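Remarks on the structure that follows.
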Number of protein chains: 4
Amino acid sequence: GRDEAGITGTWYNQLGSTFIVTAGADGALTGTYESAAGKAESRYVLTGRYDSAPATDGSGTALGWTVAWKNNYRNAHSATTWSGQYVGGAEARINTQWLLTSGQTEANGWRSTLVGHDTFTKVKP
Amino acid sequence: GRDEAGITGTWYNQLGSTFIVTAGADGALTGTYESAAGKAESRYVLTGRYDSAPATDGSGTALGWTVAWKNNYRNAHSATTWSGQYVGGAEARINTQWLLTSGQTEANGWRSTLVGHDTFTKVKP
Amino acid sequence: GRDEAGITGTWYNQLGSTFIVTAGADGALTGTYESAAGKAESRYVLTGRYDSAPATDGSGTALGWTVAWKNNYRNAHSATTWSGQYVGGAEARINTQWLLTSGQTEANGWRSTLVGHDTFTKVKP
Amino acid sequence: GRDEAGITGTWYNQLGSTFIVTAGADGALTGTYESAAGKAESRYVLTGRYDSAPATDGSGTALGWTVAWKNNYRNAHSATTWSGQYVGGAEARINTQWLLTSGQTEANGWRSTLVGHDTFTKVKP
Ligand SMILES: O=C(CCCC[C@@H]1SC[C@@H]2NC(=O)N[C@@H]21)NC1CCN(c2ccncc2)CC1
Ligand SMILES: O=C(CCCC[C@@H]1SC[C@@H]2NC(=O)N[C@@H]21)NC1CCN(c2ccncc2)CC1
Ligand SMILES: O=C(CCCC[C@@H]1SC[C@@H]2NC(=O)N[C@@H]21)NC1CCN(c2ccncc2)CC1
Ligand SMILES: O=C(CCCC[C@@H]1SC[C@@H]2NC(=O)N[C@@H]21)NC1CCN(c2ccncc2)CC1
Ligand SMILES: [Cl-]
Ligand SMILES: [Cl-]
Ligand SMILES: [Cl-]
Ligand SMILES: [Cl-]
């Protein structure tokens, strides 16, 4: 992986959530997520993928991951996906937008999905 | 997994893409994705998560997955995340919304992410 | 307006909501919206814009509109924007994706916005 | 309008775009938008709506607006909708997420819509 070394490690977003990830040489992301917001407690499993051979023209590295919000402490019957890109350097960042879907009945499916954006950095707010 | 049996298998969306997935007892999703649209050829790895203990009131099962659009044939420097829910029964479906992020420079990050929606069923269009 | 005649009139979405709109020669959209779903009763004002000189290569006509969910009967402290395109012909359609923002405190702004998609046609479901 | 006075005026986002708006007592937004990014030149008409009787518990004021990207200088065959909320006070802000739809053929409709987020303040970056 080109940014295997750059992506692997601990990241923090603007809410104070903590994203711990290992980028594998093949394109795998694995790790844990702890949200500072919402119906969440302690760490949750995450998994995702990244482009292991990004362009070399200054473009970011595309990636995504998923958390289902069930662990031994809580189940929020929901899942978030973050889609974004890693941008390396002295002020490295993972810039994302996310979709948070809740389990809903038929009648309520139209209101099942929240959208937002998180920016992750290597130092915490 | 409650819908481990229901989610595992082959799904098809409205574009004719094919989503092959195994749901693990823990909440894992693993499999392959073949897109009928866009800068894609053959199968790509996917990974994701689902709620393995959904509500029993008729609500769907929340889930999500990621594809990074790199394989041995093509690299589109991009990744899609699908966030949605599985709804079982005779007309089982996975209803999703997705975010497709491309690697972009600084100047172009504002235009890095497409949004859309896919509906997957067990029989093809 | 090129599709002034095509856009003007009554449209219905998959939820059974009714969208009544007048497209002005300049690019204006004005009208009323009645939602079959959610915290809504009777008609609400809408306003928006469309491309009054679309491409002639078979592409759709880009457009958007807003409803704030306050009228004399109800206030849901929220607003939806639909962004999409009109596609003319015998099976004319307005294909959209929408963002529904609620008024929220600081602590809750991350969960203020729902996302979805509506397809409008000239005949009702 | 409760925040008629607060919303009316000039706002600037993180890209340096300028949003000039008048909030009417009824819930109307009218004005002009000048984008610092993308296929845009000079000012474009906008129109939208806001909640003219927001909650009084510290929640923001929901609102939305549309720009179709046609004026006398340029036509980008596209339209953006911003959905968000006004938050008053010494550091007043309009926090938004947006959908930017381009006119596309049938074959390409799946890739017609960009998503992002803008934060507007009364002082420029
Ligand atoms: O709060 C969570 C789980 C934690 C999400 C944390 C989010 S992930 C994006 C953002 N970035 C973070 O770092 N943290 C936040 N899930 C909800 C979803 C909406 N829910 C319902 C309930 C009833 N009807 C509809 C919807 C209730 C449960
Ligand atoms: O086409 C793909 C990869 C395949 C995506 C297939 C998509 S996934 C959601 C939907 N459901 C499917 O089943 N299939 C489609 N990626 C693009 C993204 C945008 N790209 C750029 C290039 C230059 N600047 C900006 C953006 C070009 C590459
Ligand atoms: O239901 C409505 C107003 C009517 C929306 C109708 C929607 S527009 C897109 C779709 N297409 C239609 O044709 N119809 C639907 N608004 C909500 C939003 C979420 N709300 C809260 C409350 C508390 N906390 C958070 C959020 C409650 C009020
Ligand atoms: O660039 C613009 C018009 C100006 C948009 C400015 C955007 S509004 C949200 C953000 N906040 C701002 O303040 N400024 C930006 N429109 C594009 C859309 C994508 N386009 C295509 C072309 C071909 N195929 C697919 C898509 C090309 C034209
Ligand atoms: Cl609910
Ligand atoms: Cl580009
Ligand atoms: Cl609330
Ligand atoms: Cl194109």
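Worth a mention:
- Other protein chain Cβ atoms within 10 Å, averaged over every residue that makes up B:41-50: 5
- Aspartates and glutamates whose Cα lies under 18 Å from that of D:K124, excluding same-chain neighbours fewer than 8 positions away: D:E34, D:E91
- Measuring between their Cα centroids, region D:1-27 and region A:1-51 lie 38 Å from each other.
- Rounded to two decimals, the Cα radius of gyration of chain A over 2.2 N^0.38 Å is 1.08.
- Translational diffusion of the protein assembly as shown, µm² s⁻¹ [Kirkwood Rh, Cα pairs; Stokes-Einstein; 37 °C; 0.692 mPa s]: 143 µm²/s
- A Cβ-based charge dipole, computed about the Cα centre of chain B with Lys and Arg at +1 and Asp and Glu at -1, lands at about 380 debye.
- Other-copy label distances relative to B:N72, 7 angstrom Cα-Cβ extension, nm: 4.1, 6.1, 7.1
- Counting only DSSP H runs of at least 4 residues, each contributing -39500 (n - 2.57), and dividing by the residue count of the protein assembly as shown, the helix-based mean residue ellipticity at 222 nm comes to -500 deg cm²/dmol.
- Using a 7 Å Cα-to-Cβ projection, A:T105 label spacings across copies, nm, ascending: 3.0, 4.5, 5.3
- Selection of GluC sites (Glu not before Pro), region C:1-97, meeting DSSP coil and at most 10 other Cβ within 10 Å: C:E91
- Loop-resident sites, region D:47-80, for chymotrypsin sites (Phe, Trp or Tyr not before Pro), counting at most 10 other Cβ within 10 Å (DSSP): D:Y73
- Percent RCO, i.e. relative contact order, over chain D, from Cα pairs under 8 Å lying at least 6 residues apart: 21 percent
- With its label point defined 7 Å out from Cα along the Cα-to-Cβ axis, B:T8 lies at 3.2, 6.0, 6.5 nm from the matching points of the other copies, in increasing order.
- Chain C Cβ-axis minimum, rotational copy B, residue and distance in Å: C:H117, 2
- Euclidean distance between Cα centres, region D:55-110 to region B:84-103, Å: 25 Å
- Here the contact order of region C:37-111, divided by its residue count and restricted to Cα pairs under 8 Å and six or more residues apart, works out to 24 percent.
Here the Cβ is made from the backbone with ideal geometry for all residues, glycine too, and neighbour counts use every protein chain on show. Only the coordinates and a few stated rules stand behind these numbers; no lab work does.
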